[PDB]
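In: Here is my input; please provide its structure:
(one chain, ligands or ions: 1)
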Amino acid sequence: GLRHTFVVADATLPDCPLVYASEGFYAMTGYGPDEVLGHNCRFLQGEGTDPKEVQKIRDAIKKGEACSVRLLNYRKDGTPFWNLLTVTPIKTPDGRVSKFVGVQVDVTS
Ligand SMILES: *[C@@]12=NC3=[C]C([C])=C([C])[C]=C3N([C][C]([O])[C]([O])[C]([O])[C]OP([O])([O])=O)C1=NC(=O)[N]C2=O
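Out: Numbers count the residues shown, from 1 in each chain. Structure data below:
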């Protein structure tokens, strides 16, 4: 299959911290668990990230909807890569959002 990475954000905490990341996520971004867990995913953004697409994810997360955007992201060493990000909300039976899950693909090609 295509090369992707996977994370889980906790939506019971107000700023959606990451609580789990696949090994490829660390290997792709250059960050380790000590710098990823407990933090919001936006640390991967930087100068060239498009604010209009960031705002697309912000709104989908507040509305508890799925969302797919492509973002410029930066590895720990500063170098950029194009991240095709799909976020999916996970609900409890009472309709509340408990977790957000994300598939991240590096589409720099
Ligand atoms: C990030 N992946 C990612 C994965 C999940 C499951 C979630 C919920 C969010 C992300 N983000 C974005 C970030 O957490 C936030 O949702 C947005 O930046 C919008 O909110 P703000 O407050 O910044 O307007 C991811 N962002 C990335 O840049 N790279 C990812 O891999």
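In: Could you list the contact residues of this protein toward the ligand?
Out: Taking C-beta under 6 Å from any ligand atom as the criterion, the chain approaches the ligand at residues 7, 9, 16, 40-42, 44-45, 54, 57-58, 61, 71, 73, 83, 85, 87, 100-102, 104. From N, CA and C alone the C-beta is placed, and that goes for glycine too.
In: Restricted to helices, list the residues you listed.
Out: Using DSSP state H, the members of the residues of the chain next to the ligand that fall in helices are 54, 57, 58, 61.
In: thinking again about what came up before, quick one, which of the residues of the chain next to the ligand are buried?
Out: For the residues of the chain next to the ligand, burial is judged from neighbour counts taken by 16 or more other C-beta atoms under 10 Å, and it is met by 7, 9, 16, 41, 44-45, 57, 61, 71, 73, 83, 85, 87, 100, 102, 104.
In: what about the strands in the protein?
Out: Using DSSP state E, the strands assigned to the chain run over residues 4-10, 18-21, 67-74, 80-91, 97-106.
In: Make TSV from the ones you listed and add distance to residue 36 to it.
Out: As requested, the strands of the chain are arranged in TSV below (distance: least, C-beta to C-beta, whole Å):
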stretch	distance to residue 36
strand 4-10	8
strand 18-21	6
strand 67-74	13
strand 80-91	14
strand 97-106	12
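In: Residue 27: which of the ones you listed is closest?
Out: Among those, the nearest to residue 27 by C-beta to C-beta is strand 4-10 (8.2 Å).
In: Could you list the residues in contact with that closest one?
Out: Contact partners of strand 4-10, identified using C-beta atoms under 8 Å, 6 or more residues apart in numbering, comprise 16-22, 24-25, 28, 40-41, 98-105.
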